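Quick setup: one chain, the form deposited in one PDB entry, written in structure tokens, and binding and motion questions come after.
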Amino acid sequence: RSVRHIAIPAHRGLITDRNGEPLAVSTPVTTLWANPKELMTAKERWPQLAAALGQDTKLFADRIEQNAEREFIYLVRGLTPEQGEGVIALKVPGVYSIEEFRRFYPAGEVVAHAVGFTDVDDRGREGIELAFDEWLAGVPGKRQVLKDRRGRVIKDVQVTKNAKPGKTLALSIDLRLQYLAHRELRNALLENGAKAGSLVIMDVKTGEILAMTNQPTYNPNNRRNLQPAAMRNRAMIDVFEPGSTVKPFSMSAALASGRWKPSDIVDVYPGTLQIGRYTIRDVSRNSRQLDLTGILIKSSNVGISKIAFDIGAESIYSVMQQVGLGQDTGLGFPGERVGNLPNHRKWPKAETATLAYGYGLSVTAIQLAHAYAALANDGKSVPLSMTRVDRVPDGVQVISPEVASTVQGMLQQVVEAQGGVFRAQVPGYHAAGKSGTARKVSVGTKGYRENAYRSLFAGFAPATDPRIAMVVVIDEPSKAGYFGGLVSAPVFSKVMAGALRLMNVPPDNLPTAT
């Protein structure tokens, strides 16, 4: 007869949203174990015990007989505390209970990518659970039990070490906006027959990530049939060419250069522009000349190319780096990518062009939203945060108030003007933003696919005092068009309207309110 040492399960720290809503919680459960040696002295209680555990009488009997010489086996794990003491009430000799915890995710698939999960051993393996594992993990206690010759538990002798709970972590996420964002992205995925998507909502003034959702997603409370594809927090860990969505930054470089002003007109006839062996092409070849604003409204590649040739790549590269494209966010989310902003010594005409209209670089959805947040925040960039922020941090002026203000105005025109991106309009509010439509990279070679696109829309609102920026990305829609302003803009409209209402933001455009 010896003294066995056994663990005292500790509480894992609570993860909440920014308002205290539970996202990850350690819920008390009871596991039943048995001493076969003791159970063998009470065989006639078996059929009753077997039925209380929902097991076939003979199969249960087989289990115990196969482990007869043994002193410890598990009967069932993770019952409710009531279920456990219900069975313990049967007073079957050799049946014991252990009070433990199971990690439970109340929002399930809605916040799976941000939150992640713990594995069997209670260690974080994905998402925030992994990133803050040290913080969240408690330290298990220990106690001593005396058992006799036949393994029968005789006495609880002492607690050698108390258990200590993990610490509470409050995320920057607003679960209300996360629900709204999650449902709308799913709907659009399904309407459009798309393969994947992301949606990011950011507070432009504080840097707090208010929502981050992706499709495909999964249920962390039930991972039985989980495939690896569904696990990716795409918004942070997948990179893409932003296409036309970087034009407002190219345009920001232009206005900062002293060589351009909004009234300037650019001749974009014939809608192509040969340079070398490569042809810069416009998709909407309907106008012959466009002012600066009209270059954004019609999303003219030729137009932006000509401005780019005039100002040079370095000024464009510069603004893109400054707003944080291809830069480290400093969030340290597991697997998070920085993307790439190519740095050349000599910038040929083509590479200057393709950079200015958003190819040759790669960003994440979170980075894109960050850049639009800076633009919306009168040119002041603020560090990203995925945890609740108490004090509004000190920002860095990355674009002058004046340039930012002008570019905000052009983007508002992109949504509201005739021939604009009208599906992006937000009932009740003035919205600003920019669509994008980008050919996907060829599988198995260099170059681009002729029929697979990524639909983008990026923006902020309300125009008169911007509070939130948003990025909607949808991959390979195949059912109802593929242009950014057809596919992603209506999602922007719907989510933005809901978000601003949920945040009680006063409407700034009542003739369209509800």
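Each form is matched to the other, and the largest set of C-alpha atoms that superpose within 1.5 Å is called the rigid core. Just count from 1 along the sequence shown to find any residue number. Only residues modelled in both forms are compared.
What comes next is about the form deposited in another entry, which is not displayed.
Only one candidate in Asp148, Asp310, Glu402, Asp267 has its Cα displaced by 2 Å or more between the shown form and the other one after core superposition: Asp148.
If you fit the rigid core between the shown form and the other one, you'll see the Cα of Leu486 move by less than 2 angstroms.
With a cut-off of 2 Å and the rigid core superposed, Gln83 has a Cα displacement that reaches or exceeds the cut-off between the shown form and the other one. With the core held fixed, the Cα of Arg45 is displaced between the shown form and the other one by 2 Å or more.
In this core-based overlay, residues 3-10, 27-102, 138-164, 510-513 form runs of three or more whose Cα positions differ by 2 Å or more between the shown form and the other one.
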